[PDB]
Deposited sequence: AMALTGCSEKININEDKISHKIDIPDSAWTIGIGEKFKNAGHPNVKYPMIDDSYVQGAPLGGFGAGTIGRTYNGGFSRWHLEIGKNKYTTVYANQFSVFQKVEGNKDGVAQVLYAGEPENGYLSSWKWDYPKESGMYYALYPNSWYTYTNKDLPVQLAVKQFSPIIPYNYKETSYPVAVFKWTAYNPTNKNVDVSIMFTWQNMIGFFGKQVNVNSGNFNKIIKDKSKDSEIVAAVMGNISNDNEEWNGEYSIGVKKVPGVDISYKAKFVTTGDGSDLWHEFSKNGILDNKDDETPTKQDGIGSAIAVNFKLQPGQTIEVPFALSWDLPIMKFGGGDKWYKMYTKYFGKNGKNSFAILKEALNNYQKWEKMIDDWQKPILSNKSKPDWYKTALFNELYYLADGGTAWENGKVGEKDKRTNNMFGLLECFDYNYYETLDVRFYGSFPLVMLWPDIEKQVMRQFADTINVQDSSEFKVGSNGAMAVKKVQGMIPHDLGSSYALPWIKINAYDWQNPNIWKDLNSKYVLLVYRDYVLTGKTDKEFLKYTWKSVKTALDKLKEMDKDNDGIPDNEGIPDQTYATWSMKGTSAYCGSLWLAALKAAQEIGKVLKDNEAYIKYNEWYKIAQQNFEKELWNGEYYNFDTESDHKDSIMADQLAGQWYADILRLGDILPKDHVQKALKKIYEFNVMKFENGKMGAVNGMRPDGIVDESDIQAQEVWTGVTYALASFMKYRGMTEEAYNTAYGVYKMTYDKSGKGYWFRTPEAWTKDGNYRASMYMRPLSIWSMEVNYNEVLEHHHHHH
């Protein structure tokens, strides 16, 4: 491995061998159907709202999120990098596809498949990933750095449907070596969004752009149609010329054939025919090929950049709504702009690299933090781009001031911006992309007073209920199978209009966003104030016994729905206390003196009653009226956790909070599988897991990272990192269950999971407040 010294892979990068098998991978622990795409994953490529492409550690372009809100796992085998090498003075060379595997069907059989094991590594520190190629039969060693320009406080490049592949090649041998690197890409127009004739009209063309300081050669893969539809647009691949390399290309080869039309050229001398065949296809799959060839003298290094772009301007949801994607603001909406995007990337990727280094460096250079934590902190951010992200730039067939945004809860539970989940999972947005965060919360503000009197069938019991109640915050802002932003509350399994935590979390989220963006944005507080007051006032009406706190009703009425709460609960109670104190402070800032006085009286009354009803001398009871009331909940003081973040001070006595957290650490962590798997949600005071409901027996990844941050703020440094460590281990480590780049909501004692690719674990960013 002489190539690793010649590139800058950080030590915290997640690593695995190319072609490595993994023996202990977990699977779903529920009886209903649930996604399991295996452990062959990688860091995604593509910006926010662009649609993402998951290239795996084996090198395949396999996890497709280009259809916004859908997860499609299938390797498009034609999409590859391939290498040709010949030692100078030798008659023949070798050619090899850089993919640890082979096609299932008989297509592309003439290509050299099955990149051997123990011959290279994959590395990932999102948004960067790397492949190294160190193979006995390849004299020249190769590495590629691949990324998309995901940059905090940048809402432009961060949106781009683009990837850069910066190759580095080094000759450690005593002889000159001829080397070719080739990028193949299938014309994927019609891969989604066409019932019939999936390839028909597809055509490829070569573009050459020589502009003194920059020669670029690119294949543009489009369609003859000018239909402005979900499926139509362009993919492009290309390369920038550098000193000492020459470029060759093949505009059209058949992907639904044996491949020899391309391979017989490339495997001969690593040089292609430069044939520019623009004729459309009818039934055959087609693709393009871009290759560079060069000669490396002994000890010589060369760097050559490739790029990939996809101009697919329109997203369509299942309800029929068609929206333009965010990036269209910068490149246009007509779907004929893939080359412009690619050219931007090939001429600016070095700037983008430095911008990425600039925002990672403060964390990476802090040597007081262990590398494992950085691996998790950065790689968890995969979900921002990969979570079915929707970022609109106008509805198809119409100007507008704001660009609505949606991140999914997950693909199995296909709901945009699920509020109770985003309470934990929105930390990276507020901290790194605050304008997006604020926009999402204004979307929620705008839903508060919406009334939908028509009824729906509640799935868990069968009872009918009102869709959307005035003054109650929605569970979500819709589904990709229906109408995001328009038809809210797509979730019907329970009735969110009776939930006791959503209104509180909403208020806490509003004030969080003000506090963590510098306490300067009064306009944001003004925009949201009516909704805040309404939300707390409607929740006050659910106080039955007149203790000043909303009553949980012993039925599904909060986040932990099936692990029911009754009476005053630690969870909803603490959130209520914190929300009231947050409302007080907004009151003071906006000079709404009556609101201030009101919420202050409500706060003091509820605070006293909370302490009296729930403090047992060691921790806070789960609730007042359940069968499982003395259970130790991991999330018992969620309100106080947010109050620390919001700099709202002590809603509960310091001494009591400290004891509760020590108890949670002693029990929920260290008495659950030796504290190597996170915090189990519920534990009985006898040191046995609360078995009243499945949820209680689950570790929730995002709850645990949140709990770690809470411990950290309260000076429990060792406990915080030990708690978080178990979540890292399960996700990323060889001893875990192989959930890298698909971190689930939950696992049980056995390490099997529920709901892979989940928003909540983004809560790890709360540890950086």
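Taking the first deposited residue as 1, the stretches without any C-alpha atom are 1-15, 414-415, 787-799.
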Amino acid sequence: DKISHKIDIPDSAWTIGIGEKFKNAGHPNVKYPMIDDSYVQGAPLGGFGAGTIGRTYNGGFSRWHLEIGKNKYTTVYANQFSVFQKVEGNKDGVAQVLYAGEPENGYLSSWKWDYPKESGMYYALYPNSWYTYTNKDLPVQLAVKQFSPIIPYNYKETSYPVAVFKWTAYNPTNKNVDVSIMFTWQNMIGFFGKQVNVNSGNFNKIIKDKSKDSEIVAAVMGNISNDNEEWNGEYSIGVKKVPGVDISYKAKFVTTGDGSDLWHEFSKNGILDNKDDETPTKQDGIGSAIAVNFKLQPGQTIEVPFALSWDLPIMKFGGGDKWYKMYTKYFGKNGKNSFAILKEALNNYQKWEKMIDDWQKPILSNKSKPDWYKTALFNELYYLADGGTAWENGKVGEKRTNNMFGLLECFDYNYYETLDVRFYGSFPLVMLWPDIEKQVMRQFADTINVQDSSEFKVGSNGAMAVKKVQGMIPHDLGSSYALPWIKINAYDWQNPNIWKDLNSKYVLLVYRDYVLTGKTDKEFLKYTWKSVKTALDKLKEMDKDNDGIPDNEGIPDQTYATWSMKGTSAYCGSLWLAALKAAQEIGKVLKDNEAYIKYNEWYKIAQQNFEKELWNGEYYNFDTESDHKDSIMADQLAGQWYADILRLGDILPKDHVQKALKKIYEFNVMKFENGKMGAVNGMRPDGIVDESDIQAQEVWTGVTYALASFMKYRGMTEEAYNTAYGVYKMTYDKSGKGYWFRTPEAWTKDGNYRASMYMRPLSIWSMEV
From here on, numbers count along this sequence of modelled residues.
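Between 27-35 and 701-709, the higher mean Cα B-factor belongs to 27-35. The PDB entry records a higher mean C-alpha B factor for 683-691 than for its counterpart among 338-346 and 683-691.
Of the candidates 390, 502, 483, 464, the deposited coordinates give 464 the top C-alpha B factor.
Of the candidates 198, 376, 429, 516, the PDB record gives 198 the highest C-alpha temperature factor.
In the PDB entry, residue 222 places in the middle third of its chain by CA B-factor. The PDB entry assigns residue 234 a C-alpha temperature factor belonging to the middle third of its chain's modelled residues. In the deposited entry, the Cα temperature factor of residue 150 sits in the bottom third of values across the chain's modelled residues. In the deposited entry, the Cα temperature factor of residue 298 places it in the highest third of its chain's modelled residues. Per the PDB record, residue ranking by Cα B-factor puts residue 750 in the middle third of the chain.
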